Amino acid sequence: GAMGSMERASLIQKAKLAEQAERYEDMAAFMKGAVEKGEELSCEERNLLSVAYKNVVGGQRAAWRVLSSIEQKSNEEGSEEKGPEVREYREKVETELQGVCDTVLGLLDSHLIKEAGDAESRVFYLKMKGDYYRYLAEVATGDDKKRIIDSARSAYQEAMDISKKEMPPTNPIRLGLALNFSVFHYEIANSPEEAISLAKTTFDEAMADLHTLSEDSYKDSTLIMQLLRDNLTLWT
Amino acid sequence: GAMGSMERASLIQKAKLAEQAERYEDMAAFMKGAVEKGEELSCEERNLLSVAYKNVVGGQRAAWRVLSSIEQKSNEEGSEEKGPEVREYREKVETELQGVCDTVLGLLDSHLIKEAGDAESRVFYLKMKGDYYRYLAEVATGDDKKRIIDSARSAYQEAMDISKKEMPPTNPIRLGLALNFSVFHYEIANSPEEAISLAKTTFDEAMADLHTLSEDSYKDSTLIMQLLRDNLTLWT
Amino acid sequence: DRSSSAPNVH
Amino acid sequence: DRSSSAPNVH
Ligand SMILES: *CC(=O)NCC1CCN(S(=O)(=O)c2ccc(Br)cc2)CC1
Ligand SMILES: *CC(=O)NCC1CCN(S(=O)(=O)c2ccc(Br)cc2)CC1
Ligand SMILES: [Cl-]
Ligand SMILES: [Cl-]
Ligand SMILES: [Mg+2]
Ligand SMILES: [Mg+2]
Ligand SMILES: [Mg+2]
Ligand SMILES: [Mg+2]
Ligand SMILES: [Mg+2]
Ligand SMILES: [Mg+2]
Ligand SMILES: [Mg+2]
């Protein structure tokens with residue numbers, strides 16, 4: 001449609017405008033168009049792509065959680081448990097969420113993962129693949145759930161393997177990956193022991209090398225380390 | 001989708017669910033479907049309709065204002081190379097905003113205004129017509145703007161005439177109407193004198209009868225009176 | 001620094 | 001209370 005006929009520079013500019021306007025659906029569409037131009041993304045551009053889709057799916061996840069809670073309260077016997085509406089509407093929101101996840105996973109597979117040159121970007125995209133399979137896993141039930149979980153684990157593990165060989169322990173991408181993989185262990189994979197062990201090891205090894213981290217990454221890395229600490233407190 | 005065949009009660013229930021999930025576009029669509037079932041709305045249902053569409057257009061208005069500011073700042077600087085992207089994206093958001101306003105105005109004309117039994121509900125809908133013409137006026141330019149402004153004024157004036165004959169000065173609908181008409185005068189019609197006069201009269205006459213207000217509507221009416229006061233302070 | 005109109009309630 | 005994942009930044 002319109003995206004394909006816009007120049008790449010115009011799509012990036014419009015993504016930044018949409019961000020300022022807090023129009024995240026539009027921002028994501030612009031960034032998808034930019035990806036489809038077939039050039040690698042810069043760090044700034046990866047951040048635009050991430051912020052856009054994370055905000056979209058974030059809204060859907062929040063809505064799904066509200067509806068699922070109401071649905072479960074309804075289904076508790078003794079409650080008047082009156083009607084198909086909440087199930088139907090939860091399913092509608094769920095389907096939309098799955099659609100967005102499928103779009104992101106499609107872009108990762110079709111354009112972003114294979115075509116990354118460097119370790120930072122490879123790890124970033126594999127982390128993103130893990131994340132969006134994890135969001136699918138949050139709403140999955142049955143056999144498809146086992147496959148989705150396996151896909152998330154595989155993506156995260158490949159990212160972890162690269163990051164440990166190629167990147168310092170306090171690198172913000174390496175940190176964000178480890179944080180999210182620990183969340184996967186705790187919330188999805190029923191593995192609190194691994195979640196805690198990974199978070200604790202990540203935190204300690206990052207702190208041991210923090211004195212080597214570039215100043216441009218300090219804010220972001222310290223934020224992730226705080227979240228590792230907060231999760232550890234919550235989990236123990 | 002196929003809302004024509006849906007139970008009215010189901011559409012209302014889904015609107016309430018959407019509200020809880022902060023899914024306002026969905027909420028509005030459900031309430032549009034409920035309106036199209038062809039029965040009058042209750043108070044609660046008028047509130048659902050209002051909250052839904054006000055949230056949708058509210059987001060659009062905020063986005064439009066951000067983009068319009070960027071557009072004007074860009075144009076002022078007057079660089080040989082900047083401006084077309086923000087103009088186009090502002091126009092995109094504007095078109096979407098106009099579409100929502102047109103939808104609301106269509107429902108008011110096709111279903112709600114004619115078919116209201118009582119004065120309270122008739123005034124509520126005429127106020128709403130004034131408001132959505134006012135939101136169109138915010139983004140209108142040239143000759144089209146003069147017609148839109150006239151449409152807003154006509155709707156508000158008819159509402160005011162009825163409200164003064166039929167409703168107490170402390171009625172929340174009458175108050176909300178007067179507040180919004182005063183805003184129209186100040187922000188749209190470039191008539192600060194009329195804005196101030198209306199706001200002052202409304203505030204004073206409400207205060208004079210405050211001792212008669214039922215506790216049920218006390219909160220809402222006093223909130224509007226505070227906003228009248230706040231505007232008066234801003235305007236003088 | 002715009003004028004206030006009626007808010008959402010309830 | 002839910003675990004925290006990586007936030008949006010910059
Ligand atoms: C250089 C580069 O690729 N930058 C873009 C990335 C955006 C977000 N990721 S992350 O999801 O790993 C992350 C890390 C730290 C924080 Br505070 C938030 C998100 C990192 C790089
Ligand atoms: C009984 C009834 O019709 N209630 C629904 C209406 C919804 C909102 N309006 S209003 O837009 O006039 C208004 C008045 C006061 C406040 Br604090 C907010 C909105 C009133 C009744
Ligand atoms: Cl539904
Ligand atoms: Cl555009
Ligand atoms: Mg091109
Ligand atoms: Mg019962
Ligand atoms: Mg399903
Ligand atoms: Mg029936
Ligand atoms: Mg210049
Ligand atoms: Mg236009
Ligand atoms: Mg009366």
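Naming: A, B, ... by sequence-line order, numbering from 1 per chain. Worth knowing before you read on, the calculation uses all heavy atoms, side chains too, and leaves out hydrogens, waters and symmetry mates.
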Subject >> Residue selection (most heavy-atom pairs with chain A, distance under 4.5 Å) from B:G59, B:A62, B:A18 >> reply: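 Most heavy-atom pairs under 4.5 Å with chain A: B:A18.
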
Subject >> Interface residue of largest heavy-atom contact number with chain A, from B:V93, B:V66, B:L17, B:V86, under 4.5 Å >> reply: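 Counting heavy-atom pairs under 4.5 Å, the top option is B:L17.
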
Subject >> Minimal non-hydrogen separation, A:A21 against B:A63, with atom names >> reply: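 Result for this residue pair: O-CB, 3.9 Å.
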
Output all donor-acceptor pairs under 3.5 Å across chain A and chain B; consider backbone as well as side chains.
residue : atom : partner : partner atom : Å
A:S10   : OG   : B:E85   : OE2          : 2.7
A:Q13   : OE1  : B:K82   : NZ           : 3.3
A:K14   : NZ   : B:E88   : OE1          : 2.8
A:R23   : NH2  : B:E96   : OE1          : 3.0
A:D26   : OD2  : B:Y89   : OH           : 2.7
A:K82   : NZ   : B:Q13   : OE1          : 3.3
A:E85   : OE2  : B:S10   : OG           : 2.6
A:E88   : OE1  : B:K14   : NZ           : 2.8
A:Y89   : OH   : B:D26   : OD2          : 2.7
A:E96   : OE1  : B:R23   : NH2          : 2.9

Original post:
Between B:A9 and chain A, which part of the residue has a heavy atom less than 4.5 Å away: side chain, backbone, both or neither?
Top reply: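 Neither part, no heavy atoms under 4.5 Å.
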
**OP:** Tell me, please, which residues at least two apart from B:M6 pass side chain to side chain contact (heavy atoms under 4.5 Å, CB included).
**Re:**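 Counting only residues at least two positions away or on another chain, B:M6 forms a side chain to side chain contact (heavy atoms under 4.5 Å, CB included) with B:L11.
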
